[PDB]
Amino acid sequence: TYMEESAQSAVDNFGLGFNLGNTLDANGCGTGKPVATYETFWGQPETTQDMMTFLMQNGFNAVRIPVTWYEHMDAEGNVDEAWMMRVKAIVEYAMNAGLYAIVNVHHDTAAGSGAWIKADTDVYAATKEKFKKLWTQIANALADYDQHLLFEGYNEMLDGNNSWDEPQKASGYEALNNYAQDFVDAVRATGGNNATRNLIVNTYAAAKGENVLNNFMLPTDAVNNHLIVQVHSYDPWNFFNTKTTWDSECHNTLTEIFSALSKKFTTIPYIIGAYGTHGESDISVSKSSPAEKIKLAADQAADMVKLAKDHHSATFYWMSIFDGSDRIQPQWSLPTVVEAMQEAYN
């Protein structure tokens, strides 16, 4: 049954979080394909109940489920039923396991081909009703799940030039804030559990700089304390390639970031919805990385988790700790990183 819970309480209960990345967010194989074709298109196995249960049994309490939607929508913006039901099926795995789950709209945003949601005046005007129709469908299909399920409006919205970190024009902020409101409006309108469900709105590019935070506007909500703000972090940029250890510069950089977020968001919680070692050319840590590089990954994660706890936040690891064939066993890909995260959190 449904038990209404505040945004801050949800974030406090997330504990250690994980991103089921390159899975339902995988895209580019075209329209009209079997569900499993999309899900495995980027090298991940089909998700199982055992995976969600594994996370719960091993000290994690929340999973983010990225979803890319555009290849599953027809000309009128209707979502393929098999796709929607597969999203629902994976949510159900997570609910069964006792996890919090986040469902979003992922590579429909940002710099890849097929992205259609953009912080741009013309694009917003042309896609606003399509966007609201999408969220109405998602909210209705997932309506029956309780407070452990959250919706996240959009992943990493960029302007027309795909400008990371910050938009080139201030109108970009208008478009984002407008989308954000449309997202909240469309979900709340469906009523039921969606009337009070905790929802997540991301900053421009999910970035964290001074201008992006100052020009972020939280949507108006008829109910209290059911909104969360989300940002991402691979800071300091390219540290995995340029650093030999998680040094004082790395540590101070993270400390400053959390300080800036907590100073900005005084009354609403924020989360680090995706973080990791991914840097230039998306080079990232794996089990075949040198021990010093795996230690570098572990120290980042340890610091990220502890700072987040200190700042009444929560974190979701992007992919690397639980990846590919390791999901099938299931087993951690990076046990030492996870152990560092668990020790930091507990």
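Start at 1 and count along the sequence shown; that's the residue number.
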For the higher mean C-alpha B factor in the entry, choose 336-344 or 1-9. 1-9
If you average the CA temperature factors as listed in the entry, which stretch comes out higher, 15-23 or 321-329? 321-329
Identify, among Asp247, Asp108, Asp120, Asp182, the residue whose C-alpha carries the highest B-factor in the deposited PDB entry. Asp247
Per the entry's Cα B factor values, which of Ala314, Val63, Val67, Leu296 stands out as the maximum? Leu296
Taking only the Cα B-factors deposited for this chain, tell me whether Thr277 sits in the lowest, middle or highest third. middle
C-alpha B factor of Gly172, ranked within the chain: lowest, middle or highest third? middle
Based on the deposited C-alpha B factors for this chain, I'd like to know if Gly28 is in the lowest, middle or highest third. middle
Which third of the chain holds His232 when residues are ordered by C-alpha B factor: lowest, middle or highest? lowest
Can you work out whether the C-alpha temperature factor of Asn161 puts it in the lowest, middle or highest third of the chain? middle
